[PDB]
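In the authors' numbering, the protein residues as written are 2 to 82. Beta carbons are placed, not taken as given, at the ideal position from N, Cα and C, and that holds for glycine.
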RNA sequence: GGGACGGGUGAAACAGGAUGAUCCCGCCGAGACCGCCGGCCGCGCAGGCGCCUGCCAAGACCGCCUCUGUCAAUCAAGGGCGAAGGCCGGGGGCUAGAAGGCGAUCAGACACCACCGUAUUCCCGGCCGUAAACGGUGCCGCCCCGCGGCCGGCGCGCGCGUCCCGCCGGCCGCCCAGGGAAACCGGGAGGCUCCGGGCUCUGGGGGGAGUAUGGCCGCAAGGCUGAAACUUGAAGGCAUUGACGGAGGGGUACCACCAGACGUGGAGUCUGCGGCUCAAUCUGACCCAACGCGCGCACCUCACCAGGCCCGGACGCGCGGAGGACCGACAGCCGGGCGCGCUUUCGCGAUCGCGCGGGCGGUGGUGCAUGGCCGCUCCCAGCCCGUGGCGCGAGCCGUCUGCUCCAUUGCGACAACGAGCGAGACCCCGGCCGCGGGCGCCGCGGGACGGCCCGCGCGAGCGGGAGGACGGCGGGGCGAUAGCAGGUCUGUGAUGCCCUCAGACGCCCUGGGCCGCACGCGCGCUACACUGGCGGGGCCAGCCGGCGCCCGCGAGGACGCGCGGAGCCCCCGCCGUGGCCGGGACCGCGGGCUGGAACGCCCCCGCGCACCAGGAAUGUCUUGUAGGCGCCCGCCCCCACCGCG
Ligand SMILES: [Mg+2]
Ligand SMILES: [Mg+2]
Ligand SMILES: [Mg+2]
Ligand SMILES: [Mg+2]
């Protein structure tokens, strides 16, 4: 469906800014594998994992198109001048 | 002139029309009225004031080195003005329109809507003297934050615009202090319990009652003034939370609608519900949220009706007792029956008898004394905490008048910040693939996420196309806070208080009843036929699952072993629109099963009821769904038109 509860959004944001290097803007498989990785997160279920991965994909392609509020993605380097 | 309707309403009907209406144009008559400009403009003591032209008197404001010199403020009595309606006497007569009449609507409608229409509405002369006559705020006078608009007059400045800087006067808006019960006022409702500028009027809980009785005024209608007895415990103001609205604005759902489908209410019958009857026909529940529901009533179950055995009276005190407490029996009757009772005489042995206290038990009452479990509100999306802030306070913000979502699901803001429950997540089932194991298909995992493309949208997210087993909440379970005088004391070693307790409401036996039938209605079943009924044959399921041989038309039965699945449908024939071979209620002979016991259930021959698709009224439903077809379990000695599947 389209139910993106608070948990999904908050978690996706949190795991994104700490892993911009290990993710990509449109893949669902590599994002899914990263979320399955234990060093970054612990998803007690499967469907939760898939939903989180999908929201991450949307979030990251939104970023690449342009900056997103609430994400401290190290962009200070481009704007520190 | 022209030729058929016109008027009026939500829709219509009364009045008008070939004697020419409605409609077009032109002329004539009379009487009202003064439009758009028209306003947080203005004038006036208030009531009130809007055509052109002319006349008469008046008024506030500003400007001033004009005059006088306290001449002032407020007021019983008294005087004058005073909307609309109304009255007297005269004029006038077009619009509207009290009264009246008539058509509709309604149960009624003498009212609201339609049409006709008198007084009145207009002018002169004169009475009346009331209005939510309201700023619901008396008049004179002083001080007082800030910003702004409009009107009239005067002055200053310049770059000369009907510019900007001021003064007086008036009409308005917002507002800091302060005030207040608050709404709110702030050009005071401020400067007041820190409670004294001057004058006048009014009020003292609610009704009775602005009534009675007097007086004055008035043609009248009526106005001014104005009690008591008696009665009563609240009546009122401003504000808060809910509920409600024939209020507005946004959303949503086949227990709502649109489009359609299948039905019920029509008959016969099964079952439950009220009424009648009876010895009894035991009782709970009555809109959704009672009525095949409280899991199949010949005995039990079982409570109710007519009759009878037993004590299974625990445990304590007093007395008595083996020189014999209590308990059983042949014959022969009475008795439904039994040593139940009776005419008698044999037994047994303290396991006790009687009285006084005290127990046990009871489908006995109260569900309006309770627990627990369910139902409903709710096929809902809502509910709250800590710190802080606003209010004397009940309370409010957080917890949203924007955009999305099935969803208080989210985005984005905000005297709020930060959390939590519910929702989702979660659990079971199914569909595709892999590994392993394997008497019998069953254990562990992968897979789908609004992920890709295109359009939009800041964003959350919306529409289309793909590829894919499956595409956007696939079917179920769980189920928030708060609550109902909802149901259950007849589910229980769950229970408070009552009532019964040795002719028992305890327990056990024999019968009867819960099923009786002039009547009203609730869930279902069978049919009304040819898109069919009968006869013969062929053939496939799943929750899951037991069979051979021999008798008998069959239903069933005697023996003996472990083995195993249907209706619709399809093919060939008969019948031929006839209440007929559709339908199978009712009744008359007969054969069997369960059981201690048929009133119960199966089979065979004959008889062959209502019924031609069902009035006012009403229910359910979106894919393997409706509908049609059958098959298993539950309760159960026998039996399913019911219920779960
Ligand atoms: Mg008048
Ligand atoms: Mg007054
Ligand atoms: Mg005082
Ligand atoms: Mg009084």
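**Study point:** residue 9 versus residue 73 - alpha carbon distance
**Key:** 18 angstroms
**Study point:** Identity of the residue in 64, 48 and 79 nearest residue 14 by Cα
**Key:** 64
Check your understanding: By how many angstroms is the C-alpha of residue 61 removed from the C-alpha of residue 35?
Key -> 14 angstroms
Exercise for review: Report the residue ranges of all alpha helix (DSSP H) runs contained in full by the stretch 13-78; include only those spanning at least 4 residues, in chain order.
Suggested key: 30-37 and 48-66
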